[PDB]
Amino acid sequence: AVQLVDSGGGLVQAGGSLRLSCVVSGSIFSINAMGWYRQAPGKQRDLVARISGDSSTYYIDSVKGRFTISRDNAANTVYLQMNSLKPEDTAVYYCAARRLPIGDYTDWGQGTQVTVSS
């Protein structure tokens, strides 16, 4: 199987930057796409960003220009750099990975809390 660990979330102020890390371990050589979902208490999930095996990416319109997803091969990590953070970014973020060639994600992390004040 696969184990994902989310980290990086915390308290920052509006206009600050954060760097969430998703560390990957186990039978990881079948992952063809990872991503970041976020959920705030009382709302539905939100796929905010995703990277594929061919290094193509997707971002929702709310984060286009402020967020960047990238891959660290030497560390088996996936980074989500969050810039120009807004109060509307406060939620629990989970990293996810897909081990099937298509469909929704198959593996999920424990989540990390991102909060920002104004």
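Just count from 1 along the sequence shown to find any residue number.
- prompt: Can you tell me which stretch has the higher mean Cα B-factor, 58-66 or 43-51?
  reply: Of 58-66 and 43-51, the stretch with the higher C-alpha B-factor average is 43-51.
message: I need to verify one thing: averaged over C-alpha atoms only, is the B-factor higher for 14-22 or for 95-103?
response: Per the PDB record, 14-22.
query: Whose C-alpha has the highest temperature factor in the PDB entry: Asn32, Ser27, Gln81, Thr77?
result: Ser27 has the highest C-alpha B-factor of those listed.
task: Relative to the other modelled residues of the same chain, rank the CA B-factor of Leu4 and answer lowest, middle or highest third.
output: For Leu4, the deposited C-alpha B-factor lands in the lowest third.
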